[PDB]
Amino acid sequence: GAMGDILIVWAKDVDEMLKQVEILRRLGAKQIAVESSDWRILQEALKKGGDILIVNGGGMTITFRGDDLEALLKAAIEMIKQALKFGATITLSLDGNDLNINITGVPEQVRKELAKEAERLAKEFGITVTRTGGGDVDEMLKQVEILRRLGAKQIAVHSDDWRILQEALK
């Protein structure tokens, strides 16, 4: 189309992903890339006729959930300050009663510290937290091969994520 060739959907939920893909198809979108740290969401994207995927190998998505948005933001702000100081790239969105934080470009030890801090902050502000991705390099290699077997034609990785993984491989 006149504005570009590919639309990028950041998918945090399988049903929201399918709803978004459908809305874009009705608006005349022809190629939809799906980005998610959840391997099942990426597998579902392929099943629905997508073939461009953005994967998260060494990073993770932290999802804070709760009815008080100001509590979600206080928890998120602490994660943001720490993640940025460690040299992370962070993507944030509000999704209903959820605040989603994608974190890339930090080594395994730092990822572990940020995961622990997410748990601590969740308790402190009386909210819940779920973590997706941040598996080892071996699991990433396996899941990428599975996406390829299921018909992925183009797999993209954030360069900071890829650099950390290549250092972990060495």
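From 1 onward, residues are counted along the sequence shown.
Looking only at CA atoms, which has the higher mean B factor in the entry: 115 to 123 or 52 to 60?
Averaged over C-alpha atoms, the B-factors run higher in 115 to 123.
What stretch has the higher average Cα B-factor here, 62 to 70 or 31 to 39?
If you average the C-alpha B-factors of 62 to 70 and of 31 to 39, the larger mean comes out for 62 to 70.
What third of the chain, by the recorded C-alpha B-factor, contains residue 141?
Answer is middle: the recorded C-alpha B-factor places it there.
Which third, lowest, middle or highest, does the CA B-factor of residue 133 fall in along this chain?
CA B-factor rank for residue 133: highest third.
Divide the modelled residues of the chain into thirds by Cα B-factor and specify which third, lowest, middle or highest, holds residue 82.
Residue 82: CA B-factor falls in the middle third of its chain.
Relative to the other modelled residues of the same chain, rank the CA B-factor of residue 158 and answer lowest, middle or highest third.
Lowest third of the chain for residue 158's C-alpha B-factor.
Ranked against its chain, the third holding the CA B-factor of residue 149
It belongs to the middle third of the chain when residues are ordered by C-alpha B-factor.
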